[PDB]
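Read in order, the letters of the sequence shown correspond to residues 11 to 571 in the working numbering. Don't be surprised by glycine CBs; every beta carbon is placed ideally from N, CA and C. Note sheet for the following structure.
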Amino acid sequence: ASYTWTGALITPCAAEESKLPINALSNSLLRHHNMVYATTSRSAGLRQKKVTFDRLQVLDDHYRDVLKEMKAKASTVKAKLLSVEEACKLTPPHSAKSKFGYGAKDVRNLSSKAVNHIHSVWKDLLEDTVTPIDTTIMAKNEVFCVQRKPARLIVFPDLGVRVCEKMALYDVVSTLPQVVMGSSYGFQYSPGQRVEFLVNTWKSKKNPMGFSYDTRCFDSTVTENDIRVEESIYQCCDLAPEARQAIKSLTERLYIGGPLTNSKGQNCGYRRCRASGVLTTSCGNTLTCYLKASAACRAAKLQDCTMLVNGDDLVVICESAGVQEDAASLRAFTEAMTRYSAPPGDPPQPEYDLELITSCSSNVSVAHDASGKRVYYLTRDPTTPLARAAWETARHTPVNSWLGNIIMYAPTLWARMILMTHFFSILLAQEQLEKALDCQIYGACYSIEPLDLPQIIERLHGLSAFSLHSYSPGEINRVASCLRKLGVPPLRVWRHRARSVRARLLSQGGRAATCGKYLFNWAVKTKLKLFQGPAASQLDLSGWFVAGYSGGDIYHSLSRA
Ligand SMILES: O=C(O)c1sc(-c2ccccc2)cc1N1C(=O)CC[C@@H]1C1CCCCC1
């Protein structure tokens with residue numbers, strides 16, 4: 011059973027905002043504020059019913075053939091332990107405080123109280139490889155639009171354990187998946203690299219067929235054998251005997267399961283599946299999903315199939331054998347996945363147009379550059395990104411989703427017209443363009459200076475990201491519908507706001523004038539010629555798009571010279 015419950019409630023640790031706070035700045039983004047809600051602990055019971063069930067898992071020679079192949083590639087990886095200090099510097103500054111009298115700032119500053127407790131948690135992992143470690147169960151406060159959705163749940167150990175996880179497994183979860191999975195590992199790609207992989211893979215098939223597979227409650231479908239199988243993959247690496255012991259221990263004491271404690275210290279129940287807030291959530295889920303999907307591909311006898319995995323998110327592109335044969339092949343793949351304990355949520359179906367395949371809430375779309383050439387870029391429905399941006403305008407947040415969206419979806423119609431214009435306008439008026447903001451890229455937290463956005467966008471997306479026009483009608487209709495749905499002003503209100511912001515930025519010189527020139531070139535009557543090359547101070551963007559760290563509690567720093 012994925013979970014058992016004591017009856018104790020999942021409790022909030024503070025007052026939870028449920029509805030969007032009206033603001034004379036929030037209303038300039040969207041009028042219809044009633045459409046925007048935030049999930050709360052009051053819907054935890056609805057989530058608990060969904061995530062609670064018995065698993066049925068039947069492994070076969072296909073699963074075993076794939077596992078052995080993965081284990082072979084895993085054996086070529088050498089991973090080193092991090093020092094207490096290396097692991098302390100990887101902690102986000104607003105990471106949950108320890109129950110042992112210290113917090114993220116104390117960990118990041120290497121306080122004797124933190125460090126000495128971190129040494130003791132570590133010594134216990136080496137001496138006890140059995141006693142379940144305590145975890146906290148919370149309900150996530152995530153902002154959405156109505157179409158009404160229950161709070162997703164977060165399970166995580168204490169700050170001391172989290173630093174110990176980094177020490178034992180940061181090098182593994184950063185290095186291992188790409189070696190084992192190759193081109194199928196999604197987090198090695200920037201949005202543009204993902205699109206390149208998808209478009210080239212589609213173009214490589216005589217008769218392309220594609221599909222996304224949605225596993226219903228993937229974390230709940232992850233059985234204790236699944237977590238023992240990931241550890242056996244981790245143990246295939248060239249590791250020091252101390253890392254091996256800490257990895258074995260972290261597995262049996264934490265990753266396979268353990269007791270759930272609410273915010274007021276009451277025992278909620280017991281977990282026997284994936285913890286969403288441990289270092290290995292991303293890596294483990296990616297390995298497990300790729301393993302199950304790769305073996306199901308063989309069971310289904312799918313022809314020349316290529317898959318792209320990002321945690322629980324899977325997309326498979328193969329050679330179509332006709333609509334009838336493809337539906338039957340997909341029944342075979344779904345039946346195999348079900349046996350491996352990965353049954354579908356939304357049932358999969360073949361698709362014969364790459365724009366119509368959604369994976370990672372995203373799809374490949376097409377636009378034209380300044381020279382009129384076709385440019386494939388990654389887009390998504392802008393509802394959730396826009397609703398979150400409205401919430402971030404009204405109420406202060408530690409992590410700014412609008413900036414991570416501007417970075418990942420920079421070539422898109424909606425990020426450029428709305429998000430860039432809105433937040434550069436706010437930052438100008440507030441005199442805070444220089445101030446670095448915290449945001450997430452593939453789960454990891456980064457402190458990014460907004461004045462560096464033309465340089466960031468150019469490196470990840472290309473100079474075309476500033477000249478894209480003639481977007482597909484399907485993209486336009488989805489964006490247009492969303493503006494009409496949420497009460498977002500039309501293009502003409504955004505072009506005046508953009509021209510005004512552009513003039514104001516150019517008058518300031520420096521990095522500000524670069525933002526004006528580059529970001530808002532779409533606003534002016536006749537676009538200026540833009541040329542490629544580096545900026546006066548080039549950031550180190552190599553650590554970005556290496557691995558996924560969602561739930562991992564990872565914080566990355568930016569170099570420059
Ligand atoms: O060229 C286009 O296909 C479109 S479709 C569209 C549109 C569709 C529905 C609602 C609102 C806007 C606008 C454009 N664009 C133009 O007027 C010229 C380039 C620009 C986009 C470029 C990206 C930043 C914002 C403006």
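The three-state secondary structure of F154, taken from DSSP, is strand. Relative to ligand 1, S480 has its C-beta within less than 7 Å of a heavy atom.
Nearest to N119 by C-alpha distance, out of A97, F63, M177, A399, is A97. If you draw a straight line from the Cα of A256 to the Cα of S105, it comes to about 22 Å.
Comparing alpha carbon positions, the residue from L35, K59, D336 closest to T14 is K59. Contact between the stretch 359-370 and the stretch 61-74 is absent: fewer than 3 CB-CB pairs across the two stretches fall below 8 Å. Secondary structure in the stretch 226-288: the beta strand (DSSP E) runs of 3 residues or longer, each lying completely within the stretch, are 268-271, 277-281 in chain order. Separation of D168 and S286 (C-alpha to C-alpha, rounded to the nearest whole angstrom) is 14 Å. Here the stretch 78-88 does not lie against the stretch 353-365, with fewer than 3 beta-carbon pairs under 8 Å apart. According to the DSSP assignment, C299 belongs to no beta strand (DSSP E) but to the alpha helix (DSSP H) extending over 291-309. Selection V498, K535, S351, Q465 evaluated against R41 yields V498 as nearest (Cα-Cα).
From the listed residues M177, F433, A439, the smallest Cα separation to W132 is found for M177. In this structure, the CA atom of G453 is about 7 Å from the CA atom of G562.
The stretch 332-346 and the stretch 227-242 do not touch, with fewer than 3 CB-CB distances between them shorter than 8 Å.
Within 10 angstroms of the beta-carbon of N487 lie fewer than 16 other beta-carbons, which makes it exposed. Our two residues, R308 and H72, have alpha carbons roughly 7 Å apart in a direct line. According to the DSSP assignment, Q198 belongs to no alpha helix (DSSP H), since it is labelled neither H nor E.
Taken through DSSP and simplified to helix, strand or coil, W132 comes out as helix. Counting every other CB atom within 10 Å of its CB across the protein chains shown gives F541 a total below 16, marking it as exposed.
Restricting attention to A399, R398, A377, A397, the CA atom closest to the CA of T389 is found in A377. Under the three-state reduction of DSSP output, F221 falls in the strand class. The residues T139, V140, in chain order, have a CB closer than 8 Å to that of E262 in the same chain once the five nearest residues on each side in sequence are set aside. Of the heavy atoms belonging to ligand 1, at least one sits nearer than 7 Å to the Cβ of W532.
For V489, the Cβ falls inside the 7 Å cut-off from some heavy atom of ligand 1. For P167, the enclosing beta strand (DSSP E) has its first and last residue at 163-167. Here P392 is actually not in contact with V503; their C-beta atoms are around 16 Å apart, not less than 8 Å. In the same chain as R505, and ignoring 5 residues on each side of it, the C-beta atoms closer than 7 Å to its own belong to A533, in chain order.
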